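Remarks on the structure that follows.
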Amino acid sequence: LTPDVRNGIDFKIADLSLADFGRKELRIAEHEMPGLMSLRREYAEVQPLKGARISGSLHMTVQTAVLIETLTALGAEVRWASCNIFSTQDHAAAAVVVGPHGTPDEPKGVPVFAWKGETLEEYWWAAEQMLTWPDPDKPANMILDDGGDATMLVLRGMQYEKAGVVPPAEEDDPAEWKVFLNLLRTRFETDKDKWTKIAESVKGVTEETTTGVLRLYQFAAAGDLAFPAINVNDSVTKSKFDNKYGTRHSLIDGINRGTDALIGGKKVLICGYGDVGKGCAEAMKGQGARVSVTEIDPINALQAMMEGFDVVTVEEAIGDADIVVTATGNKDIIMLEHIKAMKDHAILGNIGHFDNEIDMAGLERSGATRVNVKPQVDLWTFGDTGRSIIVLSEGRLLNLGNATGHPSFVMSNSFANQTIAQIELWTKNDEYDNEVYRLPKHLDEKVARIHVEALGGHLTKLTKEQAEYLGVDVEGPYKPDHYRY
Amino acid sequence: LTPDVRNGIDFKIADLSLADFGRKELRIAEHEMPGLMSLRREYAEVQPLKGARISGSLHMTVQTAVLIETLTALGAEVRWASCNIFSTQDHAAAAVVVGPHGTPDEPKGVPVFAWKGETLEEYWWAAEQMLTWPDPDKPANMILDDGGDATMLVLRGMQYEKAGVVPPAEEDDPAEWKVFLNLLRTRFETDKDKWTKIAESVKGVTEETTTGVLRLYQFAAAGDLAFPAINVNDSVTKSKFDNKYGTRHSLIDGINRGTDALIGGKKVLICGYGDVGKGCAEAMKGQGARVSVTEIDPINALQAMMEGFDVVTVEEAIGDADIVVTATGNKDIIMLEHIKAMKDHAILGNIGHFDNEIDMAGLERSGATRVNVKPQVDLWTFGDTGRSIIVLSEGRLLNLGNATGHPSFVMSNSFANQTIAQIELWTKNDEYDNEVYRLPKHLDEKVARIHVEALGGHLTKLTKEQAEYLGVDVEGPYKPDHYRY
Amino acid sequence: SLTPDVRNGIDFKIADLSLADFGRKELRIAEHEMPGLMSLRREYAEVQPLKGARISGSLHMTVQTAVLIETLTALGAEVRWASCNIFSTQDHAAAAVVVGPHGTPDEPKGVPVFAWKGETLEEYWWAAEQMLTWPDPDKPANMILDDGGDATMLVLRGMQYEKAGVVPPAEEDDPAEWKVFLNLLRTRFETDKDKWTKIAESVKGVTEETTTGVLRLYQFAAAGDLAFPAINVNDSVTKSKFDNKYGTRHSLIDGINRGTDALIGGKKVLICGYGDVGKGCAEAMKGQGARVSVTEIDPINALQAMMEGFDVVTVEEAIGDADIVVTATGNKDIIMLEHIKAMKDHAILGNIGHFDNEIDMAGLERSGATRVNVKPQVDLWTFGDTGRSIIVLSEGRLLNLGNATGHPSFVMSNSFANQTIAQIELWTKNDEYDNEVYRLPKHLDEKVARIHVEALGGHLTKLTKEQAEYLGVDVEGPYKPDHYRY
Amino acid sequence: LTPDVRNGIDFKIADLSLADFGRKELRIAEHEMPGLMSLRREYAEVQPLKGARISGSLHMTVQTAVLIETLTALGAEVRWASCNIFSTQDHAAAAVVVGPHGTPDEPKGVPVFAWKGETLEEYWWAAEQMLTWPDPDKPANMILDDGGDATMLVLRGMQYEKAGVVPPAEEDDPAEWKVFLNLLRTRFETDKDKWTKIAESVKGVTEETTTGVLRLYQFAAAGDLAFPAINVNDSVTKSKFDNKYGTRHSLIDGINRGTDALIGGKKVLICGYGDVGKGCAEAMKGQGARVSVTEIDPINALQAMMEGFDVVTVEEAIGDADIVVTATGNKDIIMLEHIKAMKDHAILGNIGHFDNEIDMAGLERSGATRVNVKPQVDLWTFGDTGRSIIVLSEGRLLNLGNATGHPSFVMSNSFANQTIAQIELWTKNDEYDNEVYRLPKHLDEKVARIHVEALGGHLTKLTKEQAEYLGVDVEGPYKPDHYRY
Ligand SMILES: NC(=O)c1ccc[n+]([C@@H]2O[C@H](COP(=O)([O-])OP(=O)(O)OC[C@H]3O[C@@H](n4cnc5c(N)ncnc54)[C@H](O)[C@@H]3O)[C@@H](O)[C@H]2O)c1
Ligand SMILES: NC(=O)c1ccc[n+]([C@@H]2O[C@H](COP(=O)([O-])OP(=O)(O)OC[C@H]3O[C@@H](n4cnc5c(N)ncnc54)[C@H](O)[C@@H]3O)[C@@H](O)[C@H]2O)c1
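Those protein sequences? They're chains D, B, A and C, same order as listed. Every letter in the first sequence is one number past the one before it in PDB author numbering, and letter 86, counting from 1, is 96. Every letter in the second sequence is one number past the one before it in PDB author numbering, and letter 169, counting from 1, is 179. Every letter in the third sequence is one number past the one before it in PDB author numbering, and letter 407, counting from 1, is 416. Every letter in the fourth sequence is one number past the one before it in PDB author numbering, and letter 131, counting from 1, is 141.
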């Protein structure tokens, strides 16, 4: 694996001739992304990001394209990789590399290292390409991360440099841990302070997802978070909309492309009843399913029951579930003993961030046979029972891998939050300690207001007398810091 | 255009080498179509359809492939074509020509003339193939229709022969009407009684949708119904299930693939509140759209309202609609006036059985400029306003054009009913006069019973005093003839 | 001895006539919510289509019924009225009907009414005979307006025993209402001999409002026993697809909220039956956050319950887990004593069918379980052997009208428009009807539906000349074939 | 007005003979209130509240009665008054004064000063009764508040005492403001530090509603909150269940009792989209209504739109609404002006905490005539238009004025949180300063867990390795502090 170069842009993607079809959907997506457009207009002259060099780990989709060309429209230089092996949309990747005014032959866009259907080896390769800038004296000075793989690579790789050695891996280290480490080990043979120099260059990380943000909270508590981080996941306009309303749209997209299995009349098991779970269950309900949920949190559980859902354990429900979805951000939800209890031709998929919510490592060692139906749809048969399980996306996130992820309108919230967070960490950089921060409420409202307008919502303006009575400014913020919406 | 023959089988399709992919999904499909699988088992011995030569005009999909292969398992010969130029699933076309035990080099299935993306001319050519059996002495003897296109062809065809002329088409007749006429006319040159003979030979037609059944009721009212017809659309297990629940599923699949636009938050306009309209609104609603309905029938109108929908006219509503779907079975729902009024990048599609629900002819002659984004998605632009519209499937049923149609489990009801009507008309032709029939309630109940059973429902059994209180047999039909479900 | 009251020439038996002014206020509000009936008063005001009609009505004595009663009188008809349930009467509504739009309690101008909330079985049948029995033996009732067939049954059985020349004895183990019904007939026979025979001869037609009563008319007609014409009012599309469904969706949870104040959200709800009423039931409970399961004997209804997100289960497997149990079948013997004894502590048990035989009320009353009345129509039963108590609504009689008010005015507007349309048809075109069971014609259902679309603010599209041609329909309707199921 | 006494207990209630009906519904409520019931068992022997003298201002309902008897079962002494003029359940007041073991003759319960249909004069007299403990050396040491009127009475009272003047009222002050001061000024003529000594005696207040809480925030802000407060409202188990799921149940109850107008098919207008408004909107949706929402907060607005609801202004939507419901906790939502614009027989009510969301004061001055239909249902007519409006509960909260408020199972959450806040503020009292606190997550989850098992919900237990993965204890808390559920 070696990068390609064309008119001064280095990259690796499926197919550069997909740019026209890429660019077509870019423009449509832009009508569906008023958050990002409004920010381009608000920030064109200002150039808030001049001097920013952004390293991005984020699903290389159409919506991430519009995100990228917003970031560059505010002065940033970017380099990009997907944060999932299947989530790349090749046509969006190509329009990124070509740019709005370039061609396949003479691309005038940004470096992108991503294509749909990476191996774990090429993924980690593309991840290192995105963090590695041409001139050794101006490395990445900023990170846009989703999952924390960009962040994790930087900080473990500094830890290994500062310790002196990149460690061995045993056996029951995941196949990815090997690959991950393999990358850093070889890197060390030739380069003794690569990551350390990146880590002091980087002003901040902004992190998109619940999981990445969890990893962030564990670096801060170790003492190992080297630069500030905005938790973008926990914008109100991120979680309460993307995680939930995004998934309500995209779960069922993922399952329809995978399987064309009817949803109505079916027993559907959702594991997890957070924002993602709530989105899944709502979607399944709307479609006529008989939805049951799992949960470890008594509160989240009380909500599911108040929404008409049984609250049940995997063990109790698994043998009779027609569709099983894991949505927990946790590992070990569907183990092999579960998969063997499942019914013939039941569907099994994961919509959390990682491929370990489902025992894929166990299923591959089990003596089941895999028959590939088509991209990202696999049919697994146990010979002892005769029963087959349809597995979506090798247990990686079915929505981004079997479909196209959330809709443009949803990501317009998420990526508008992401843009803002980068501006703030870049322009107001000494205003931050080495901690996880969340955006101010005024800015959450800013973003919400763009989409209410875009949708045709008519807001009531508080009178002077009304805002004295509520103790708030007419123009926001409207709620206490602990308001949960 | 001429047939391909390979191993004694004529056919014309996209690509024969897709038979294994088709086969895999067909086999998956059999696990989701207990209705068809169960009639295969019941009637394997009997071979109820021996001597049948069935010409089938029905969307060449995986679910049809399973119907087709149900009929051949019961001893019928078939010749097949799609009832729509975009509806064919080519991997399934391949699967049926190859057969369950053939390969592409040695195919062992049946004649299929169908591919996704036919032209009108090719559509009519394909259809003639399907109705024209190899042996002049052994013409088609059954028609299995969906939309009445095969029925119309035999009957206008015969009509023109008894007339000794095929009418010249008027200079402003629709493109398809000219094609249709030109096909018949070209044939009257070399074969003067082809269609009359076929019509003498055909013992029955089974009709699967509302539009087509209308046309039967029109041939009958004219005295021009030359054979018995079973109205399969209006089996309870068909209309109340396929038309409603099918659409609830396949509509948003159609939209997610064609456009990937967020439904939640959007103003959705659904023209028509028949079963298909009911299904669309249910679908949109569950997904968070703000749904308004149009209707001409105050009964269906009041139902919408009672379901939480504004009942509005296209004129008052079109300006505001983010997504516009026609679901009427009628022509001229959305004229060029209406399209020129839609907001920028609004979406327009038709899920009714033909493409005159939208004014595609007016849109094609308008002067607007077309840009194909990808198959079955076109962005139309008007110079005088600068507004562009996303048109799905060129006004053709969008669930099948832009997606896969209804799921297997749904189609199992419809096709079990079609299978049953085929058997009835074939084995008992004498019991039927030249009229349009519906199947007895007890058969509808049979099909229902199989699917409840498949999903895990537990039916209650009437005691003897109960059954006598209700005036019904414990097993027997359970509801009066006028019962509306 | 129960005897009627007479004030100002108007005989009646009701709770309290001082309730008229209240009743009247609510009736007036109710007219705003019943455009169906209101438009019918307007359209038929000078044609007086019901002059000479003497209508005996057996239908819940509610605010909505009162508006129907006065629609019929606005149109020339005379009436005598009883409720078709011992708990369904709204006493202030009863009051206002006897008083009239312009009467007072001391100077009543209304019509005869025999109904109060909390009747006994014997009072119910007495009230029923009072309603059926017009003042002049030479001017008997000539029309029946029925809900559940009790009037029609009283007459048709009443005549069939006369002829038989005697009224049977009842068995040790006959239902208590049967012994009562029989004792009424047998007692009148000792004095009168052709009372019901002459009445059944006088009646020009019956209009039946509900599913249960229509089964009974099908069962009279099949036996050669239907002796005047019938219109099945239930199977108007505007009736069944609207009242039975959307109506029950309103009034089911009303009944439960009044009866119990139990949170519906998070609870397991067993709905027996998935006809239009079961569908209304499950809809209503689903939207309140309930965990809904359904029982059914019919695979079509059952396949719909499943496609709507509901398990289809037997009472046997379901009963131990359900927090609220609602019967909605039209059938007998749905929740037996073994079933009730299996219910969890303080689960709620309700019937929303037309008769109380859906729940084993006789069985439970002879079980040995102790009864404590909580309040009007909420009773708490205790089994000594398990220590479990169950909350029984309306002593097993329809719970929406027993524990609440029934369906809203807007919903009844549709049903009552249809019945009013039927009465007029059967009265003025009596000639063309045979002694069969009839349904209204589509254009009339459409008429009803249109008033209500109009009232609600909805805009109907009008077919062009080409669309109507293309569909083979007149522009002005009817819009659908005869078998169309909506 | 002077209180009654009987067997040592002073009270002013409607009718003591209602105690039997009172007590039967109490025992049924207890089966619907596992939170309260688990706290009676947990804390029976520990007697945590001994020495607590709790002044209760909260809706005198069946549910509040099971709360009270939990408090007394835990050692507290209490005096009670309702916090709304119509919300008292006369028979719950009775069973409370009688106790489980007394008779109407010899009551063995607690002091209550509450009945349905108090005048403003009577409401305030009763609040003072409730706060004025019989021994001067043992005044109130605890307040349990809903709406902040008890808190207001105590801290304004004291403030006027420290200033030597209860300030003369202005000729057209809100009628309620005049009654407030008349009560103070009159006590002040004879008692110059009644409230000062009461404020110095109260160790803390536990506040139950969003609106009470607001006021608490405006005491702290001014430096005037002279004891610790607990925000009970903002336990997850309170706001996300009571405000939301409570209202979903009770809104429609109050409407059905008051009016028995069909909800399906009607245009409903919900002002405000917080927890209450989401509750209302949810409820009206399920019943079939064509619901529109008003809002000032774009985040809340974007939720309503994602949820199938137009966001609109009163002005735009008022002439067309069938049912208008304000859920804002703000003032001046519906003015006389909007009221005059309402359609004939439109229904109008308020479900926020005070009456002034609707311009009641201006309605009464308008020249509209009031006809009382029955308790809490009034018909108002404008002679100049001839149109009438049904106003519910004189614009006081309609669920508790026209019905019975939230059901037992919902209030089991609120009142378990309340009982816990009372234990904590009382037993661990020194650990608290004169600020507004919120209970710790682990306590919320504790309350949630009781109700989930009561409902038959089966929680999943995290493995050691699962807990370690998430960095949480197997027994919780499971979420960070900013988690919004
Ligand atoms: N695409 C699919 O997967 C699928 C499935 C089933 C049926 N269909 C096709 O769907 C169409 C509708 O079928 P259906 O079973 O719902 O029919 P339907 O007869 O049940 O309802 C169509 C409704 O549209 C209303 N309508 C007619 N003209 C109108 C106008 N100008 N404006 C607004 N409303 C109008 C009618 O009153 C009618 O109720 C038919 O062509 C049918 O063949 C498609
Ligand atoms: N309370 C009301 O306001 C109200 C309103 C309308 C009708 N009703 C009454 O409700 C009843 C139902 O009316 P409907 O129109 O829904 O009837 P329906 O005939 O449309 O449905 C009743 C259902 O009960 C099912 N059933 C029969 N026996 C069964 C059993 N043992 N277990 C489970 N299901 C069984 C049948 O399959 C049927 O579909 C009738 O008695 C009618 O008079 C009451």
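Every residue, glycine too, gets a C-beta built ideally from N, C-alpha and C.
{"Check": "Under three-state DSSP, which class holds residue 214/A?", "Outcome": "strand"}
{"Check": "Within the present structure, is the beta-carbon of residue 260/A separated from the nearest heavy atom of ligand 1 by less than 7 Å?", "Outcome": "no"}
{"Check": "Could you list the residues in the region 301-319 of chain A with a C-beta less than 9 Å from some C-beta on chain D, going in chain order?", "Outcome": "301, 312, 315, 316, 317, 318, 319"}
{"Check": "If contact is defined by three or more beta carbon pairs under 8 Å, each pair taking one atom from either stretch, is the region 308-317 of chain C in contact with the region 460-474 of chain D?", "Outcome": "yes"}
{"Check": "Within 8 Å, do at least three Cβ pairs link the region 177-184 of chain B to the region 92-102 of chain B?", "Outcome": "no"}
{"Check": "What does DSSP give as the partner residues of residue 240/C in its beta bridges?", "Outcome": "216/C, 447/C"}
{"Check": "Could you tell me the distance, in whole angstroms, from the CA atom of residue 415/B to the CA atom of residue 11/B?", "Outcome": "28 Å"}
{"Check": "For a test of your reading of the model: does the CB of residue 361/B fall under 7 Å from any non-hydrogen atom of ligand 4? Yes or no.", "Outcome": "As presented, the structure is devoid of ligand 4, carrying ligand 1 and ligand 2 as its sole ligands."}
{"Check": "Could you work out which residue in 494/D, 471/D, 490/D is closest to residue 484/D when comparing CA atoms only?", "Outcome": "471/D"}
{"Check": "Applying a beta-carbon distance threshold of less than 8 Å, which residues of chain B neighbour residue 471/A?", "Outcome": "306"}
{"Check": "Since residue 84/D and residue 53/D are thought to touch, with beta carbons under 8 Å apart, how far apart are those beta carbons, to the nearest angstrom?", "Outcome": "5 Å"}
{"Check": "Can you check which of these residues, 320/B, 404/B, 393/B, is closest to residue 268/B by C-alpha distance?", "Outcome": "404/B"}
{"Check": "Whole angstroms is fine: what's the gap from residue 388/C's alpha carbon to residue 141/A's?", "Outcome": "38 Å"}
{"Check": "Taking all protein chains shown into account, do 16 or more other C-beta atoms lie within 10 angstroms of the C-beta of residue 445/A, making it buried, or fewer, making it exposed?", "Outcome": "exposed"}
{"Check": "For residue 204/C and chain B, any beta-carbon pair shorter than 8 Å?", "Outcome": "no"}
{"Check": "Return the Cβ separation of residue 210/A and residue 242/A in integer angstroms, given the expectation that the two are a contact with Cβ distance under 8 Å.", "Outcome": "About 23 Å; that fails the 8 Å criterion."}
{"Check": "Return the CA-CA distance between residue 38/A and residue 397/C, expressed in angstroms with no decimal places.", "Outcome": "12 Å"}
{"Check": "Around the C-beta of residue 441/D, are 16 or more other C-beta atoms found within 10 angstroms, so that it is buried, or is it exposed?", "Outcome": "exposed"}
{"Check": "Can you give the beta carbon distance from residue 117/A to residue 17/A, rounded, assuming they're within the 8 Å contact cut?", "Outcome": "5 Å"}
{"Check": "Taking the beta strand (DSSP E) that residue 63/A falls in, what are its first and last residues?", "Outcome": "63-67"}
{"Check": "If you measure from the beta carbon of residue 414/C to each beta carbon in chain A, is any gap under 8 Å?", "Outcome": "yes"}
{"Check": "Can you grab the Cα-Cα spacing for the pair residue 196/B / residue 139/B, in whole Å?", "Outcome": "14 Å"}
{"Check": "On a CA-only basis, which of 115/D, 289/D, 220/D is nearest residue 15/D? Give me that one, please.", "Outcome": "115/D"}
{"Check": "Of the residues 323/B, 380/B, 417/B, which one's Cα is nearest the Cα of residue 283/B?", "Outcome": "323/B"}
{"Check": "Under a CB-based cut-off of 8 Å, is residue 255/B close to chain D?", "Outcome": "yes"}
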